[PDB]
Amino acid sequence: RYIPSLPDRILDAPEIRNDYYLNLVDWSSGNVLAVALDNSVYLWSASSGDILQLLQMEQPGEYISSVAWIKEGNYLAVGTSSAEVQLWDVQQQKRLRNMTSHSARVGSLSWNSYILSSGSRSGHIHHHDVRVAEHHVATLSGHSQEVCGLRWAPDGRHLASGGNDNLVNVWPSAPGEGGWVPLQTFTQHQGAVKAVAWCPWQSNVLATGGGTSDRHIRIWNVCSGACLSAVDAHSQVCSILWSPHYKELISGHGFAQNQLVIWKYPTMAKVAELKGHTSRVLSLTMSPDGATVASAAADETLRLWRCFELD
């Protein structure tokens, strides 16, 4: 099939924080990209090109460490270096909540309906019921280093977390009659696990990717614990996304090519490489229609690749 070698758009990302553990971009279901640039969050509306500076941190030294849109795309969660998880109403351009519970920066976020999960440099994960006064309703403690990858499954049955302690934990959706203990703890990656993404068409299938000392993409069945595939990507794997339309995966990388790689699933054959970034890719996010992948990189650009469409 034909995949374009050039991105559809190249957006300037001046002062993007070149910190591997942060999750600074997210594309909403309303087709709006949220981009954290140092101490500000900018919103770019894909259909119009309109840009809004949603917010700016008020204290010296403060920076944004994560952003995640709620499913409906009307609220944006913003994790900060000052251990805050802010909830912003983007229609009103106003902060609704400034939730404190963490002891260190919140570099990862993931929503499950009205529950927002947040991962911290402390290694703890907190569940926040954003609708209520005492938002902090659960603490999941399965990491000894920064939680850099955090992702609820699309069916809400599991939550995956990856850390700078080289672990992947798969958590249940509720503590039930027992406590908050992982259903699975995968120790096979020999590096930080920032890349965490669930297969959209198979409930229990998860893809994870390790850092520079690991370089592998691993596919798991979280029910059986099976490692279905382990492929060497020859670089750190910052992100992974699945195309639900093409049955493919796309991963972002660092040294030496700073490229995106498209893989055919389930064969894991290399389909294409998207080159152009001049410094390591930091994060990937997908458009709500599944056609475009935005890659944010340490070269201060956001490249938007229409790699899953011909129109």
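Numbering starts at 1 and runs along the sequence shown.
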Taking the mean of the C-alpha B-factors per stretch from the entry, tell me the winner out of 176-184 and 200-208.
-> 176-184
Higher-B stretch (mean Cα B-factor, as the entry records it), 163-171 or 134-142 = 134-142
Of the options 69, 42, 246, 263, which has the highest CA B factor as deposited?
-> 246
Whose CA atom has the top B-factor in the entry, of 282, 250, 32, 256?
-> 256
Of the three thirds of the chain ranked by Cα temperature factor, residue 214 occupies the middle
Please place residue 89 in the lowest, middle or highest third of its chain by C-alpha B factor as given in the entry.
-> lowest
Residue 149 - Cα temperature factor, lowest/middle/highest third of chain = lowest
According to the PDB entry, is the CA B factor of residue 11 in the bottom, middle or top third of its chain, that is, lowest, middle or highest?
-> highest
Going by what the PDB entry lists, where does residue 51 fall on CA B-factor within its chain: lowest, middle or highest third?
-> highest
